[PDB]
Structures are given as C-alpha cells and as structure tokens.
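J.: Let's see this in three dimensions:
(one chain, ligands or ions: 3)
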Amino acid sequence: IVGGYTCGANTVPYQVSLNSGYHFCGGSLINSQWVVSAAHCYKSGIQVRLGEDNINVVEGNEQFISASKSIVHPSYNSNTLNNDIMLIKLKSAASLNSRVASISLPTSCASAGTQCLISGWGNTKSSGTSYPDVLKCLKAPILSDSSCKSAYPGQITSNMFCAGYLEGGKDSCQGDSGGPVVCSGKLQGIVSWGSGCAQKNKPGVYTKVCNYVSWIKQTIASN
Ligand SMILES: NC(=[NH2+])c1ccc2[nH]c(-c3cccc(-c4ccccc4)c3[O-])nc2c1
Ligand SMILES: [Ca+2]
Ligand SMILES: [Cl-]
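T.: Residues are numbered from 1 along each chain as shown. Ligands and ions are numbered 1, 2, ... in the order given. Below you will find the coordinate block:
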C-alpha cells in the first residue's frame, strides 16, 4: 500500500496473509473454512495466516492453517487477468472471535464514489521496494467506468473496476494482490493489477466481486 497508514493491530480481522515461507499475497476470510483471493496468487504449498499484524513476529492471535485446496476460476485468463479470483478451502476451520472474523459478500455492486478500505502488506514505495512488517490501510473511492476505461483503454472487462486517485501517491501495490476492498462492510473487490503503483492517471484495478457471488456460493456448496 503506497500512501496509506498503519491499520492498527487486528482492526481488519478478515485480512489473511498467504504464506509459502514469506508473504506473497493477501486474501479475505468469508467464512470459517474459506478464503477468497486472486487467481494469479495461486501456487501450491500455501499456508493461510489469520490474525496477523506484524507478519515477521508471533505476537499472539495468529492462526496458521494449511490450505486443503485452491480453486482458481475456470475462466481465469492470465494474459488479461479477467476472472482473477480464487477460493481457498482451509484444512480445518479457523476459530472466529473479535480478532479473526469473516467479511460479508455483497448483495449488489457498489457505485462510483463509494469509499472503500483496501489493506495489505505489499510494497509501500512506487519507485523501489519497501515491504512493511505491519498491516497498512488506504481509504479509496471506486472510480466511474469512463475514467477507468479512459485510463486503461481496451483492458477493462465487466469483471473489473478501478479505485484510487488519479493524481497518484496512494494505491495498492505488489504484495497486496488478492486482498480485500471493503465498502460499507461488504467485500466488493480483490486487489488485482495496475500499471506500476501510485502513478498519475493509472489507478488500481480490482476484481468485481458482486459478479461472482453465485459462483462462490455454488462452488463452496459443492466442495
Ligand atoms: N497499482 C496497483 N494498484 C497494483 C495492484 C496490485 C498489483 N499486483 C502487482 C503485482 C506485480 C508483480 C507481481 C505480482 C504477483 C504475481 C504472482 C503472484 C503474486 C504476485 C503482482 O500481484 N502489481 C500490482 C499493482
Ligand atoms: Ca505476527
Ligand atoms: Cl475500451
């Protein structure tokens, strides 16, 4: 997260860190046994880390659970990143409390101008690599479809939306992929891609979760 602030320990209880010996992507807990992340974060040997704040120190509240299976959307396209969503089933259910809690899936899509909270342990520099130890947060609005398409002509599908600031300075970045974009208490987006980080007129692009709710429900119900 570039230009964001320190969230504060366990203030984003649905945030998870996907770990394979280091933090490589974020995710969102949607129930005690399932996490939603981005398809491009897929790899084998994923350990899901819940209740984290400093990812390099065991401070208490952490729950480390191995993924039992990861389900990348069948129509995921790695070249366009269309359908960049994945579900991860946990080997055992997580213990939910005030520090570890799930986030609700939306019933309707959000409108441009909606303010959302984006969080993660990704890079904090637009020009360089600085990864934080604790969780960073950023409040950002969803942009209109015309501004998004004007920024990335020919690259936005109906399963994506832009959120951020066109002036640059505040944005999600590498390491934040797969994490949550929460608006009014509902998970509306998944950090997916962008051109660099926090560059002027190049906002972040997110997977539009409202388009996948029946898919998520049906997939969880059959696995
Ligand atoms: N400007 C942005 N809002 C933005 C958002 C997510 C990004 N994710 C990345 C990204 C860059 C290089 C590699 C990965 C990557 C690839 C495979 C697995 C995990 C991360 C990224 O997600 N850049 C990103 C830029
Ligand atoms: Ca920790
Ligand atoms: Cl277009």
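
J.: Going by C-alpha atoms from here, please, whenever you check contacts or count neighbours.
T.: Noted.

J.: doesn't residue 215 fall inside a helix?
T.: Yes - Residue 215 forms part of a helix when assessed by DSSP: H, G, I helix; E, B strand; the rest coil.

J.: any idea how far it lies from ligand 1?
T.: 23 Å (Cα to the nearest ligand atom, to the nearest Å).

J.: element containing residue 182?
T.: Assessed by DSSP states H and E, residue 182 sits inside strand 180-183.

J.: That strand pairs with which strands, parallel or anti?
T.: Partner strands and pairing direction for strand 180-183 (DSSP bridges) are strand 115-120 (antiparallel), strand 186-193 (antiparallel).

J.: mind checking how far the first one is from the chain centre?
T.: On the basis of Cα atoms, centre = their mean, to the nearest Å, strand 115-120 sits 9 Å off its chain's mean C-alpha point.

J.: hang on, the earlier thing: which of the strands paired with strand 180-183 sits closest to residue 92?
T.: Taking Cα to Cα, strand 186-193 is the member of the strands paired with strand 180-183 nearest to residue 92, at 22.8 Å.

J.: Give me the residues contacting that closest one.
T.: Strand 186-193 is contacted by residues 27, 37-38, 81, 84-85, 103-106, 109-110, 172-173, 176-182, 204-210 when judged by Cα atoms under 8 Å, 6 or more residues apart in numbering.

J.: Sort out which of those are buried, if you could.
T.: Burial by neighbour count, 16 or more other Cα atoms under 10 Å: within the contacts of strand 186-193 this picks out 27, 37-38, 81, 84-85, 103-106, 110, 172-173, 176-182, 204-210.

J.: For my notes, confirm residue 210 occurs in a helix.
T.: Yes - with three-state DSSP as the criterion, residue 210 is located in a helix.

J.: Correct me if wrong: it contacts residue 109.
T.: Yes - using Cα atoms under 8 Å, residue 210 is in contact with residue 109, at 5.2 Å.

J.: Residues in a beta bridge with residue 69, which ones?
T.: Under the criterion used (DSSP bridges), residue 69 bridges to residue 89.

J.: surely it meets residue 89?
T.: Yes - with contact defined as Cα under 8 Å, residue 69 reaches residue 89; the gap is 5.4 Å.

J.: and the chain, what are its domains?
T.: According to curated CATH domains, the chain comprises the domains 1-12+103-210, 13-102+211-223.

J.: circling back to that earlier point, the more surrounded of residue 69 and residue 89?
T.: Between residue 69 and residue 89, counting by other Cα atoms under 10 Å, residue 89 is the more crowded of the two (22 against 15).

J.: what about the more buried one, distance to ligand 2?
T.: In this view, residue 89 and ligand 2 are 22 Å apart by Cα to the ion, to the nearest Å.

J.: Quick check: closest non-adjacent residue to residue 66.
T.: residue 47 (4.3 Å; Cα to Cα, 6 or more residues apart in numbering).

J.: okay, now the one you found: neighbour count?
T.: Neighbour count for residue 47, taken as other Cα under 10 Å: 20.

J.: what does residue 19 give?
T.: By the criterion of other Cα under 10 Å, residue 19 has 18 neighbours.

J.: same deal with the one 3 residues further on?
T.: Close neighbours of residue 22, defined as other Cα under 10 Å, add up to 11.

J.: can you offset everything so residue one is 28?
T.: All right, first residue 28 from here; so that's residue 49.

J.: separation between it and ligand 2?
T.: For residue 49, the distance to ligand 2 - Cα to the ion - is 12 Å.

J.: quick one, phi psi at that residue?
T.: Main-chain dihedrals, residue 49, degrees, to the nearest 10: phi -170, psi 160.

J.: No more questions from me, cheers.
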